[PDB]
Ligand SMILES: Cc1cc2nc3c(=O)[nH]c(=O)nc-3n(C[C@H](O)[C@H](O)[C@H](O)COP(=O)(O)OP(=O)(O)OC[C@H]3O[C@@H](n4cnc5c(N)ncnc54)[C@H](O)[C@@H]3O)c2cc1C
Ligand SMILES: [Cl-]
């Protein structure tokens, strides 16, 4: 007997922001999740996420990051959970040998972002704790920083519920029935209908979009993150150790200063195990790689951070072939909105994406172009 204006399937990073957008406008909204978000089975746990603005992956990302950033400052104001801490973000790599660093430096120049440029010994003088060869260069964004992604979800959820959004937890959606006039979901806990549907199931999008007759290659990856006891006089946020995303010989790594004395957190970005989200092994340390790829970085470039392993999390990316997101209406149903394929770099945009989703759902359009996220683009395959 339960008919909603909008149903959101998957109330994680994207879905919970979308639900908050909709509920804020008095849209009667049901959010359905396989768990009880924020949880540790998806792509949003491990405590912290980088947001940075000098986004070389495409010009369209730059305004989405800056809008997202403003929206995270707004969410900070609205809630008692902590959202954002402005640690700055350091990008470094070997000079002339890093398309990532080069593209980062261009987007900054091209969008007039405020940034510092440094190189070689300057990097280690500015942040003791960093040890790079004298041939490395860097670009520091002083105004970006670190999101607390689980708090962001919890905040969006509390605020959506306050305005009347319903969240059906521990309920896996199993199928979809889409008419021109409604949408329907089927679950072990019952069926629900609405005018509009947003689909944002994170890694499970790779198995479940076929239920909507779509065939999009989406590869989920096993991505671990470890938290290490650290020299606080070098890696503490309080001494301006930055968040970072850097390129070295064996690939790209990301990480976070120590907050509250808890330990530097680090992740290896360019490698992960190909997995299925239902059979992923979420134990940190089951492959020797989990800890060794991270120590290999630490001992070379951040040796005072290479302490006892305090904790590891196992999390998931869901890549498209072009590593761009998919944000678009279903091509055969204008009442179904798809958010998928965030490719290991979506969380920072999740506030802005929630806004864009809520617009697609309510109007079939959004205020700025979004064509690089087209579900009909050919490089998706
Ligand atoms: C280790 C790691 C570090 C990262 N670091 C960064 C970073 O520093 N900066 C950054 O921008 N991004 C980062 N990312 C990526 C970012 O976290 C993801 O791109 C983003 O969270 C994707 O959000 P989502 O809503 O698609 O998925 P999720 O937040 O996982 O949400 C999808 C939801 O769908 C639910 N669901 C699944 N199946 C069903 C079903 N059948 N029925 C109902 N519900 C279902 C799941 O329970 C889940 O809650 C990182 C990711 C990882 C794994
Ligand atoms: Cl992802």
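If you go along the chain as it appears here, the first residue is 1 and each next one adds 1.
So this one's X-ray crystallography, 2.1 Å, going by the header.
Positions of Cβ are set from backbone N, Cα and C atoms, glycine also.
Quick look at what Swiss-Prot lists:
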BINDING   5-35  FAD binding site
MOD_RES   315  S-8alpha-FAD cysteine
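Listed binding-site residues: 25, 29. The one with the lowest count of other Cβ atoms within 10 Å of its Cβ is 25. Comparing Cβ neighbour counts within 10 Å across the recorded positions 17, 315, the minimum falls on 315. When the alpha carbons of residue 5 (FAD binding site) and the residue listed as 'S-8alpha-FAD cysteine' are compared, the span between them is 32 angstrom. Contact annotation for recorded positions (5, 9, 17, 25, 29, 315) versus ligand 1: 9, 315, each with CB under 6 Å from a ligand atom. Other Cβ atoms within 10 Å of the Cβ of residue 21 (FAD binding site), summed over all protein chains shown, number 24. When secondary structure is read from DSSP and collapsed to three states, residue 13 (FAD binding site) falls in the helix class. In the three-state DSSP classification, residue 21 (FAD binding site) falls within a helix.
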